[PDB]
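Beneath this line is the structure, given in structure tokens, with notes to follow.
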Amino acid sequence: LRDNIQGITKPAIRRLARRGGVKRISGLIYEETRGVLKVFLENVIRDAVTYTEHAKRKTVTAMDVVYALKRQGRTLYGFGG
Amino acid sequence: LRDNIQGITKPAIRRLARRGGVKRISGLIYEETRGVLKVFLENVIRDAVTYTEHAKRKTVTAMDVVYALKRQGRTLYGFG
Amino acid sequence: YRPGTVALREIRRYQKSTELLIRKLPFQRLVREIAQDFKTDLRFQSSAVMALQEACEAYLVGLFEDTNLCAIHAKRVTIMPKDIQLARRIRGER
Amino acid sequence: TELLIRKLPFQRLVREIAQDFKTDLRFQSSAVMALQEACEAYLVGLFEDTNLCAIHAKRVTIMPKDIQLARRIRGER
Amino acid sequence: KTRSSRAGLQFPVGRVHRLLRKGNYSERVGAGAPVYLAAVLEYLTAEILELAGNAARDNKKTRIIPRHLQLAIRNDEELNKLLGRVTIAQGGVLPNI
Amino acid sequence: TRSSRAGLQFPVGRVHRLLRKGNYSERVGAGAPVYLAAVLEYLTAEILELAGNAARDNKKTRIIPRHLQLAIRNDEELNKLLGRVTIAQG
Amino acid sequence: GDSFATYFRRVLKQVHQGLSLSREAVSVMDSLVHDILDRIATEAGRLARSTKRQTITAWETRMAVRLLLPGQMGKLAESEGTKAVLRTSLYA
Amino acid sequence: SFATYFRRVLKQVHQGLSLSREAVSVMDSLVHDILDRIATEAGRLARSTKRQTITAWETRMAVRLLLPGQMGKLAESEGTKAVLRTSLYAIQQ
DNA sequence: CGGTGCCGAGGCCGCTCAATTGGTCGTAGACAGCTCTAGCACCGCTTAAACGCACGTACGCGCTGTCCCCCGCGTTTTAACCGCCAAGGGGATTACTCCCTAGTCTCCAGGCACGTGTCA
DNA sequence: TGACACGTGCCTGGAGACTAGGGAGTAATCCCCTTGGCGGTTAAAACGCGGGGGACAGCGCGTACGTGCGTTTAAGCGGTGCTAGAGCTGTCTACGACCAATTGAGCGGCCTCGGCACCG
Numbered sequence: 023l024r025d026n027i028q029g030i031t032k033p034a035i036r037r038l039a040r041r042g043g044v045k046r047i048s049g050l051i052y053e054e055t056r057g058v059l060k061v062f063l064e065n066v067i068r069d070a071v072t073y074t075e076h077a078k079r080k081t082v083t084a085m086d087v088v089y090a091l092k093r094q095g096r097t098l099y100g101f102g103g
Numbered sequence: 023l024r025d026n027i028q029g030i031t032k033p034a035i036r037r038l039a040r041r042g043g044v045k046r047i048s049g050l051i052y053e054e055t056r057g058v059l060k061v062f063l064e065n066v067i068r069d070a071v072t073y074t075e076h077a078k079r080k081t082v083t084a085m086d087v088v089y090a091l092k093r094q095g096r097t098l099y100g101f102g
Numbered sequence: 042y043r044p045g046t047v048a049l050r051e052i053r054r055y056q057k058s059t060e061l062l063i064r065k066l067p068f069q070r071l072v073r074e075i076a077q078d079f080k081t082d083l084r085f086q087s088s089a090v091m092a093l094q095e096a097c098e099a100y101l102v103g104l105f106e107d108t109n110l111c112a113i114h115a116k117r118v119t120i121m122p123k124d125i126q127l128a129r130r131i132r133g134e135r
Numbered sequence: 059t060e061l062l063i064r065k066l067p068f069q070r071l072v073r074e075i076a077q078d079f080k081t082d083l084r085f086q087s088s089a090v091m092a093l094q095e096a097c098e099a100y101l102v103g104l105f106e107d108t109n110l111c112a113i114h115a116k117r118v119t120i121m122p123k124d125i126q127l128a129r130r131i132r133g134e135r
Numbered sequence: 016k017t018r019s020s021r022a023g024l025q026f027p028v029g030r031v032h033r034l035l036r037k038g039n040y041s042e043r044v045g046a047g048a049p050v051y052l053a054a055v056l057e058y059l060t061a062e063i064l065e066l067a068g069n070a071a072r073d074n075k076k077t078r079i080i081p082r083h084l085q086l087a088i089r090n091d092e093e094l095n096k097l098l099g100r101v102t103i104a105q106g107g108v109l110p111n112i
Numbered sequence: 017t018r019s020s021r022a023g024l025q026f027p028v029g030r031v032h033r034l035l036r037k038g039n040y041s042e043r044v045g046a047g048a049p050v051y052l053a054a055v056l057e058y059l060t061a062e063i064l065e066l067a068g069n070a071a072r073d074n075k076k077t078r079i080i081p082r083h084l085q086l087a088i089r090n091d092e093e094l095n096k097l098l099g100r101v102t103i104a105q106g
Numbered sequence: 056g057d058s059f060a061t062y063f064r065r066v067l068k069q070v071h072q073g074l075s076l077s078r079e080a081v082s083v084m085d086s087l088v089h090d091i092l093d094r095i096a097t098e099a100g101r102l103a104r105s106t107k108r109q110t111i112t113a114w115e116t117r118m119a120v121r122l123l124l125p126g127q128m129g130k131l132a133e134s135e136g137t138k139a140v141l142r143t144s145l146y147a
Numbered sequence: 058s059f060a061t062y063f064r065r066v067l068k069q070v071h072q073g074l075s076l077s078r079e080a081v082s083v084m085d086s087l088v089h090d091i092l093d094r095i096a097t098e099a100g101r102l103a104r105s106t107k108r109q110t111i112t113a114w115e116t117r118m119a120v121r122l123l124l125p126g127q128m129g130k131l132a133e134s135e136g137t138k139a140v141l142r143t144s145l146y147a148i149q150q
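Protein chains in written order, with full-length UniProt numbering: chain S, 23 to 103; chain P, 23 to 102; chain W, 42 to 135; chain U, 59 to 135; chain B, 16 to 112; chain R, 17 to 106; chain H, 56 to 147; chain E, 58 to 150.
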């Protein structure tokens, strides 16, 4: 699907950080946080896909994603478990 | 035992800092790091003494301390 | 009107709410493109993509609050890539 | 690599904390040594992080604010 | 009858015993373990509900939503320490600057 | 022995027994404490080679826990695998 | 199903009778209860296996709760659990 | 545990060295910890799939989860080689 | 603050399946007894580590000017999105079975400990 | 001088062969949910321009910290002895797994209703 890390638009990052607590954001923050988000997404999706490969499935389930997130110490509650 | 937190003396904290990689030390670092060490000891010792109490043992052993460390998140190798 | 007094209002109105902040379709395309290089021709449950979005959003919000902590500690209000790098280094993720 | 905290003061400290927790307790030397090693490792890691914080703020000394920030970012408080 | 009524617990002792046995945490499970576990779970859940209800009343809403649960969890120091590495879905953050 | 048929210096046995005594599941398959033994043998052959390299670098020959800590902390993958680990007298 | 929805509603009515839960809140709190149960069970099992014991009785769960819930909340939960066990033992 | 099983490995890799008592007592603990981690991950995966057994598939996925691609692929290759060698030996009896 | 609409939460009945109840038993663990490790307390010497100042300067912190780079805001583009539909791929169930792992009788042979020669 | 390699001997767990039963492998089968497409519409992102504020660097002050040296001290050392209690064995009984029969507590279907959102 070519590239889609640009799908996290600059206003989206701005609103995310603004909810975080910041009040001024430097121009170079956007590329760094896009890289950080891509790294974290790769880390979580690799585990959530190895879980599916184990289950001999072809559809990544919410249970797979929540198990992958739990394995990294970032538990998620609203989606079963 | 009264006022035994002073056993972690100032040169010991300074040497720990030098091993950590710092180059200069502010005077108020010593009280803060003594407090940090006291908090860490309290947590680990509470876990260890609960471990011994479960085993109905009056002596804390290396296995209980390493179990407390592993539970807290810092696994320890070389004692069990 | 002047620079400021609008970022604070945005913080007030965005910390109170809980709605998703990353657009759903771009994030779906992003997760699809990331997962397509591990296993090819995969399918994603809608709840799975939503869970991934709700986890990444929370993680990024936490990282941004930590990087604001770092920026304030350096006598600055503007967060810069050095702040994010230091926050991620101290957190141990690296 | 050698032990930095003196053995006897640390032993007395850990005994004091334990007797604060549960009275009439005994410590075998392996447990005290393991605790000392863990505390040395934790403190050197904390000082690594605080040196990073101090360098970040255009400083070479570490101040209590640096330790507090390192602890708060690490999560423990 | 039952075991929830025997111990005076709202929570199900039998269900938590079944969860203990199914999870395979040990080869054998004692009789007092499920009762104790139901008791502690009921107390913790009652505390969380009370805090979330206080938050909802403060927010002037009679329906509890995950935002109120997140507020209750991250407003009390003990709950925050116990559940600090957890992201409640649609939970948000408590407002601070 | 099954270590004879396998190409394993690490014991296929004494790992099946450890799995059974650890109660990680109701039953353990036949190939599990062979794949696991091979993985452990690789994860020891590496680490041992690195510690030997460190000892040769320090001209000490004998392997000391300091060498093990250097081996673990001097490689990115092993650092990620063992990051919250403190080695005694290291 | 395996969910504590009715128990959460019952305890809310006991504590805050004027309120009412929502399905999302029920789901997240069910997951929270399951996670706390798993944590306590794993700690108690590890304690039991530490002392060469292949059973997880009231002592192991009590120590797991005490060792997993530091502070005043841990003392209150332990007192509540001991009260429940004593009340159960009173049926004799 | 695993006393001579490290000396055997050290005999074929970096010949002329030896393992000290402290090094052995660290490495056997490390091997036990890694084995426990992989076994717990395999058990959790099997339970998630609703299977009550640990087979080659479970441990394969457990080491894929633990060791990422740069090294987990090598460990997976080694384990597959060992499993197929055992199977070929058992084929002819 | 008031008027209107929407729908998910609440309450009553069917019921069924998971929780109770009762009896068996064979083992896991409670309990008593005993030995010997090693934990604790103390004796004194010595010396390495801590402790107390003096001090000269490295450096943290405040002040000030700049110039540039984010913020606000208006406008245009553009892609989310919400509503709806077609299609089928794969999640999820279910019956048969068959092969694999639990369990048990040997049987020894690799594993562990020890004595001795030899080198780090 | 302590530790590794080569005989020497003991020893108990891995292993071979067998039995038994059940875990799940496998083949159909249903239909839920996911992907792809169409289309208006419209909220939001992209872009540009003016401007203010603030990040950064330079400069000066003054303060507090690392270094050195003399004095104090208590850690570590090595015995010495006393005895708690860890660990082990022996054993015996209480209990949790197991199974068969029973039943009522909570789940789902269906009808009510007020809380939440929207606008004026």
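Even for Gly, the Cβ is constructed at its ideal location relative to N, Cα and C.
Q | Cβ pair count under 8 Å reaching 3, the region 101-121 of chain H against the region 65-77 of chain P | A | They touch, by the three-pair rule.
Q.
I'd like to know whether the C-beta of P:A77 is nearer than 7 Å to at least one C-beta of chain U.
A. Mapped onto the second sequence, residue 77 of chain P falls at position 55. Not closer than 7 Å to any Cβ of chain U, the Cβ of P:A77 fails to qualify, so no.
(Q) Please list, in chain order, the residues of the region 45-79 of chain P that have any C-beta partner in chain H closer than 8 Å. (A) Cβ proximity to chain H below 8 Å picks out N65, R68, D69, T72, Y73, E75, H76 and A77 from the region 45-79 of chain P.
Q.
For a cutoff of 7 Å on Cβ pairs, would you count W:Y55 as touching chain S?
A. Here residue 55 of chain W refers to the residue found at position 14 when the third sequence is read from its first residue. Output row for W:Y55: interface = yes.
Q. Residues in its own chain within less than 7 Å of H:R94 by CB, not counting five upstream and five downstream?
A. Mapped onto the seventh sequence, residue 94 of chain H falls at position 39. Answer for H:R94: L123, listed in chain order.
Q: Taking the CB atoms as reference points, tell me whether W:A76 and S:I67 lie closer together than 7 Å.
A: Sequence index remark: in the third sequence, residue 76 of chain W carries index 35 (1-based). Sequence index remark: in the first sequence, residue 67 of chain S carries index 45 (1-based). Yes, these two residues count as a Cβ contact at 7 Å.
Q: Below 7 Å CB to CB, which residues in the same chain sit around H:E133 once its five sequence neighbours on both sides are set aside?
A: Here the question's residue 133 of chain H lines up with position 78 in the seventh sequence. Around H:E133: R117, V120 and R121.
Q | Contacting positions in the region 99-113 of chain W - beta carbon closer than 8 Å to chain U | A | Listed by position, the residues of the region 99-113 of chain W near chain U (Cβ gap below 8 Å) are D107, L110 and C111.
Q: Would you tell me roughly how many angstroms separate the C-alpha atoms of S:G57 and W:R130, rounded to the nearest one?
A: Residue mapping note: residue 57 of chain S aligns to position 35 of the first sequence, counting from 1. Residue mapping note: residue 130 of chain W aligns to position 89 of the third sequence, counting from 1. Computed Cα separation, rounded: 15 Å.
Q: Tell me whether E:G126 is buried or exposed, calling it buried when 16 or more other Cβ atoms sit within 10 Å of its Cβ.
A: Residue mapping note: residue 126 of chain E aligns to position 69 of the eighth sequence, counting from 1. Exposed, because fewer than 16 other Cβ atoms sit within 10 Å of the Cβ of E:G126.
Q: Below 8 Å CB to CB, which residues in the same chain sit around W:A115 once its five sequence neighbours on both sides are set aside?
A: Walking along the third sequence from the start, residue 115 of chain W turns up at place 74. In its chain, beyond the 5 residues on either side, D124 have a beta carbon closer than 8 Å to the beta carbon of W:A115.
(Q) I want to know whether the region 44-56 of chain B touches the region 16-29 of chain B - three or more CB-CB distances under 8 Å. (A) Result yes; three or more Cβ-Cβ pairs closer than 8 Å.
Q. Of all the options R:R78, R:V101, R:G106 and R:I103, which has the alpha carbon lying nearest to the alpha carbon of E:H71?
A. Along the eighth sequence, one-based indexing puts residue 71 of chain E at 14. Minimum Cα-Cα distance from E:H71 among the listed residues R:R78, R:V101, R:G106 and R:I103 corresponds to R:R78.
Q.
Are the CB atoms of P:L38 and U:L101 within a distance shorter than 7 Å?
A. Translated into positions along the fourth sequence, residue 101 of chain U becomes position 43. Translated into positions along the second sequence, residue 38 of chain P becomes position 16. Taking 7 Å as the cut-off, the Cβ atoms of U:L101 and P:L38 count as close.
Q) Whose Cβ in chain E lies nearer than 7 Å to the Cβ of S:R93? A) Within the first sequence, the letter at position 71 stands for residue 93 of chain S. Here the neighbours are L122.
Q. Since B:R100 meets chain S, which of its residues come closer than 8 Å, beta carbon to beta carbon?
A. The sequence position of residue 100 of chain B within the fifth sequence is 85, counting from 1. Neighbourhood of B:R100 in chain S, by CB distance below 8 Å: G95, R96 and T97, in chain order.
Q: With 9 Å as the C-beta to C-beta threshold (strictly closer), list the residues of the region 77-111 of chain E near chain P in chain order.
A: Of all residues in the region 77-111 of chain E, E79, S82, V83, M84, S86, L87 and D90 have a Cβ within less than 9 Å of some Cβ in chain P.
Q) Can the beta-carbon of H:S77 be found closer than 7 Å to that of S:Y99? A) Your numbering for residue 77 of chain H matches position 22 in the seventh sequence. Your numbering for residue 99 of chain S matches position 77 in the first sequence. Pairing H:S77 with S:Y99 gives a Cβ-Cβ distance that is not under 7 Å.
Q. To the nearest angstrom, how far is it from the Cα of S:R40 to the Cα of W:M91?
A. Residue 40 of chain S sits at position 18 when you count from the first residue of the first sequence. Residue 91 of chain W sits at position 50 when you count from the first residue of the third sequence. Roughly 21 Å separates the two Cα atoms.
Q | Cα-Cα separation between W:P67 and W:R73, rounded to whole angstroms | A | Counting from 1 along the third sequence, the entry for residue 67 of chain W is found at position 26. Counting from 1 along the third sequence, the entry for residue 73 of chain W is found at position 32. Annotation: W:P67 to W:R73 spans about 10 Å, alpha carbon to alpha carbon.
Q | Residues bridged to P:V82 [DSSP beta-bridge criterion] | A | Working through the second sequence from its first residue, we reach residue 82 of chain P at position 60. For P:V82, which the question treats as bridged, DSSP gives the partners U:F85.
Q) Shorter than 7 Å from the beta carbon of U:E95 to some beta carbon of chain R? A) Counted from its first residue, the fourth sequence places residue 95 of chain U at position 37. True, the Cβ-Cβ gap to chain R drops below 7 Å.
Q) Between R:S41 and chain E, is there a C-beta pair that is closer than 7 Å? A) Working through the sixth sequence from its first residue, we reach residue 41 of chain R at position 25. With 7 Å as the cut-off, R:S41 counts as an interface residue toward chain E.
Q. Can you tell me whether R:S41 is buried or exposed, with buried defined as 16 or more other CB within 10 angstroms of its CB?
A. The residue you call residue 41 of chain R lines up with position 25 of the sixth sequence. With 16 or more Cβ atoms within 10 Å of its Cβ, R:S41 is classed as buried.
Q: Return yes when the C-beta of B:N69 is under 6 Å from any heavy atom of the ligand HEM, and no when it is not.
A: The ligand HEM is not part of the structure shown, which contains no ligands of any sort.
Q: Excluding the 5 residues preceding and the 5 following R:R82 in the sequence, name in chain order all residues of the same chain whose CB lies nearer than 6 Å to its CB.
A: Counting from one through the sixth sequence, the residue named residue 82 of chain R turns up at place 66. Taking R:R82 as the centre and dropping the five residues before and after it, the same chain places the C-beta of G106 closer than 6 Å to its C-beta, in chain order.
Q. Between R:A71 and E:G129, what straight-line distance do the alpha-carbon atoms span, to the nearest angstrom?
A. Counting from 1 along the sixth sequence, the entry for residue 71 of chain R is found at position 55. Counting from 1 along the eighth sequence, the entry for residue 129 of chain E is found at position 72. R:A71 and E:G129: Cα-Cα distance of roughly 26 Å.
(Q) 7 Å is my cut-off, CB to CB: does W:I125 come that close to chain U? (A) As a working mapping, residue 125 of chain W is identified with position 84 in the third sequence. Answer no: the Cβ-Cβ gap between W:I125 and chain U never drops below 7 Å.
**Q.** Nearest residue (CA-CA) to R:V50, options E:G136, E:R101, E:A147 and E:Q149
**A.** Within the sixth sequence, numbered from 1, the residue matching residue 50 of chain R stands at position 34. Minimum Cα-Cα distance from R:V50 among the listed residues E:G136, E:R101, E:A147 and E:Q149 corresponds to E:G136.
Q. Quick one: does B:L66 have its CB under 7 Å from some CB of chain H?
A. What you label residue 66 of chain B is simply residue 51 of the fifth sequence in a count that begins at 1. It does not: the Cβ of B:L66 has no partner Cβ on chain H nearer than 7 Å.
Q) Does DSSP classify E:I111 as helix, strand or coil? A) Indexing the eighth sequence from 1 puts residue 111 of chain E at position 54. Correct three-state label for E:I111: strand.
Q) P:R36 CB to nearest chain U CB: under 7 Å? A) Residue 36 of chain P sits at position 14 when you count from the first residue of the second sequence. At a cut-off of 7 Å, the C-beta of P:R36 has no neighbouring C-beta in chain U.
Q: Can you pull the chain B residues whose beta carbon is under 7 Å from the beta carbon of W:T119, in chain order?
A: Along the third sequence, one-based indexing puts residue 119 of chain W at 78. Around W:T119, no beta-carbon contact reaches into chain B at under 7 Å, the shortest distance being about 15 Å.
**Q.** Secondary structure of R:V44, DSSP reduced to three states
**A.** Looking up residue 44 of chain R in the sixth sequence gives position 28. The answer is strand: DSSP assigns R:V44 an E or B state.
(Q) Measuring alpha carbon to alpha carbon, tell me which residue in E:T61, E:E79, E:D90 and E:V66 is nearest R:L34. (A) Position 18 of the sixth sequence, counted from the first residue, corresponds to residue 34 of chain R. The shortest C-alpha separation from R:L34 is found at E:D90.
Q. Is it right to say B:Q85 is buried, meaning 16 or more other beta carbons lie within 10 angstroms of its own, or is it exposed?
A. By one-based count along the fifth sequence, residue 85 of chain B stands at place 70. Buried.
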